[PDB]
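Here the structure is laid out as structure tokens; the discussion comes afterwards.
Protein chains in written order, with PDB author numbering: chain JA, 2 to 37, 46 to 136; chain A, 2 to 37, 46 to 136; chain B, 2 to 37, 46 to 136; chain FA, 2 to 37, 46 to 136.
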């Protein structure tokens, strides 16, 4: 782990775990810092990648943060990850309940109703 | 098919497909008739059975309905069955969409996040 | 366990654990169903019996309930039983506290006061 | 097909089909992403080219989008293309109708009127 802040040519403060191999650097868990108390925001809300590759020519300065900023960053990312996993569990429970309720509702149909169900299911499958 | 109306000792008009084998009669798709234009309502909304067995000592009279009542009954049951099958299809589509969205959300998690996910999934499974 | 709904000639819906031995049927944990959401009420609040014997000539129809009704019935009876056992524990604690307080108050009496206490206790015992 | 989002030094988010051959990259169907729900806008409304060539030194980061963004992008481009082809058909119908109406109006002219028509048509042709 190596948490560092960088300043971009655009004028943004990015805090994240960086690796500087051969000029092309790799960033994990990048967060935009916005003052007002520090406010951490996601850098790229339009992707699901983890290792973001950026050239060193686009970063102005690369500094090491203080202890309070590191603590706040770790707490924020931990809270976000816990919220994500809790949402995953909630989704699993909801889909299980919906599946069981749909199965119970389907159990009370006549045989010709299952015939029509299949005669529309194949149409929905082909289209 | 043998659609017939009966009057119960309670004072209810039940229209349905009946079979009179040995005194104990069997009813399929029973509907309560309520005047005001005829209004057809479900007889037993607290069960999923199809063949309801009732003794002949609890029915007052057993008559054959006219053509308009039979037409209205067939139309009503057809509309109800179509609504049920459409609801089944809607439920299937909704659960498929929810499953796909949950899978996409889960795909963006770190390995230790899957570790914690399993360490809570086993707890939810045992309890 | 065999949970079933029945309709009575009076016009009541009774959900409970039934046994049909020789026409005379036995009911355990009978509950009256009242619509409005289902509302479960005690059938016989004027007795403490468990096995209620009723003849098959007084029941109109005997159907099997759906899964949601069974779940609601089990939850309701479990909540009622937990409330009853909690009330039993509360009563035990209250009577223990009252006994201890009465003993402490009685400990501070003179011997002639115990004499008069007995000379009225025997009168209360004979009457 | 390779749909990807990029961030420019200007501070713009461009989603499109990119090809990275030798540093000079080629973009097809570039769209500017504007948040508020994602809003897709044309990147270059002042040209009709398809393959836009841009150097890698002008792009900050190059990420892969999620599934929802790809779905929205495909739907948006399909709707735009359908609107364009429908407009082409409407234009063809309108010009055909105008041609037929002009021909019908011209059919009702005297020979000297066609003489004057030509004596002005040649003037309009030379000028």
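All residues carry an ideal CB built from backbone N, CA and C; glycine is no exception.
{"Query": "Contact criterion: CB-CB distance below 8 Å. Does residue 39 (chain A) meet it with respect to chain B?", "Result": "Structure remark: chain A lacks residues between 37 and 46, so residue 39 (chain A) is without coordinates."}
{"Query": "Using a Cβ-Cβ cut-off of 6 Å (strictly less than) and excluding sequence neighbours within five positions of residue 70 (chain A), which residues of its own chain qualify?", "Result": "8"}
{"Query": "What residue from FA:11, FA:55, FA:63 and FA:46 has the CA that sits closest to residue 22 (chain FA)'s CA?", "Result": "FA:63"}
{"Query": "So the alpha helix (DSSP H) residue 76 (chain JA) belongs to, where does it begin and stop?", "Result": "76-115"}
{"Query": "Please state whether DSSP places residue 57 (chain JA) in a helix, a strand or coil.", "Result": "coil"}
{"Query": "Below 8 Å between beta carbons: does that hold for residue 61 (chain JA) and residue 31 (chain JA)?", "Result": "yes"}
{"Query": "Looking at the unbroken beta strand (DSSP E) that takes in residue 23 (chain FA), where does it start and where does it end?", "Result": "14-23"}
{"Query": "Counting contacts by CB-CB distance shorter than 8 Å, is residue 111 (chain JA) in contact with chain D?", "Result": "Absent from the structure is chain D; the protein chains it does hold are JA, A, B and FA."}
{"Query": "With H, G and I counted as helix, E and B as strand and the rest as coil, what does DSSP make of residue 135 (chain B)?", "Result": "helix"}
{"Query": "In the DSSP assignment, what residue or residues form a beta bridge with residue 64 (chain JA)?", "Result": "JA:25"}
{"Query": "Would you report the Cα separation of residue 110 (chain B) and residue 98 (chain B), rounded to the nearest angstrom?", "Result": "18 Å"}
{"Query": "When DSSP builds the beta bridges, which residues end up paired with residue 119 (chain FA)?", "Result": "Residue 119 (chain FA) is not bridged to any residue."}
{"Query": "According to the Cβ coordinates, are residue 34 (chain A) and residue 26 (chain A) closer than 8 Å?", "Result": "no"}
{"Query": "In this structure, does DSSP put residue 47 (chain B) in helix, strand or coil?", "Result": "coil"}
{"Query": "List the endpoints of the continuous beta strand (DSSP E) containing residue 5 (chain JA).", "Result": "4-9"}
{"Query": "Can you check DSSP and say which residues form a bridge with residue 35 (chain JA)?", "Result": "JA:48"}
{"Query": "What does the Cβ neighbour count give for residue 68 (chain B), buried or exposed, with the cut at 16 atoms within 10 Å?", "Result": "buried"}
{"Query": "Is the beta carbon of residue 14 (chain B) sitting closer than 8 Å to the one on residue 82 (chain A)?", "Result": "no"}
{"Query": "State the Cα-Cα distance for the pair residue 93 (chain FA) and residue 86 (chain FA), rounded to the nearest angstrom.", "Result": "10 Å"}
{"Query": "List, in chain order, every chain JA residue whose beta-carbon is nearer than 8 Å to that of residue 94 (chain A).", "Result": "118, 122, 125, 126 and 129"}
{"Query": "Please confirm whether residue 27 (chain A) has its beta-carbon closer than 8 Å to some beta-carbon of chain B.", "Result": "no"}
{"Query": "Using CA coordinates, which residue listed in B:95, B:17 and B:132 is at the minimum distance from residue 59 (chain B)?", "Result": "B:17"}
{"Query": "What does DSSP give as the partner residues of residue 69 (chain JA) in its beta bridges?", "Result": "Answer is none; residue 69 (chain JA) lacks a bridge partner."}
{"Query": "Hey, residue 74 (chain JA) and residue 28 (chain JA): beta-carbon distance below 8 Å or not?", "Result": "no"}
{"Query": "Return yes when the Cβ of residue 100 (chain JA) is within less than 8 Å of the Cβ of residue 114 (chain A), no when it is not.", "Result": "yes"}
{"Query": "Give a yes or no on whether 8 Å exceeds the smallest Cβ distance from residue 74 (chain FA) to chain JA.", "Result": "yes"}
{"Query": "Can you grab the Cα-Cα spacing for the pair residue 88 (chain B) / residue 11 (chain B), in whole Å?", "Result": "29 Å"}
{"Query": "Is residue 23 (chain JA) close to chain FA? Criterion is C-beta to C-beta, closer than 8 Å.", "Result": "no"}
{"Query": "Do residue 78 (chain B) and residue 107 (chain B) count as a contact pair if the criterion is CB distance below 8 Å?", "Result": "no"}
{"Query": "What number of angstroms, rounded off, separates the C-alpha of residue 91 (chain A) from the C-alpha of residue 130 (chain JA)?", "Result": "14 Å"}
{"Query": "Helix, strand or coil for residue 30 (chain JA), going by three-state DSSP, please let me know.", "Result": "strand"}
{"Query": "Leaving out the 5 sequence neighbours to the left and right, which residues in its chain are closer than 8 Å to residue 103 (chain B) when beta-carbon positions are compared?", "Result": "none"}
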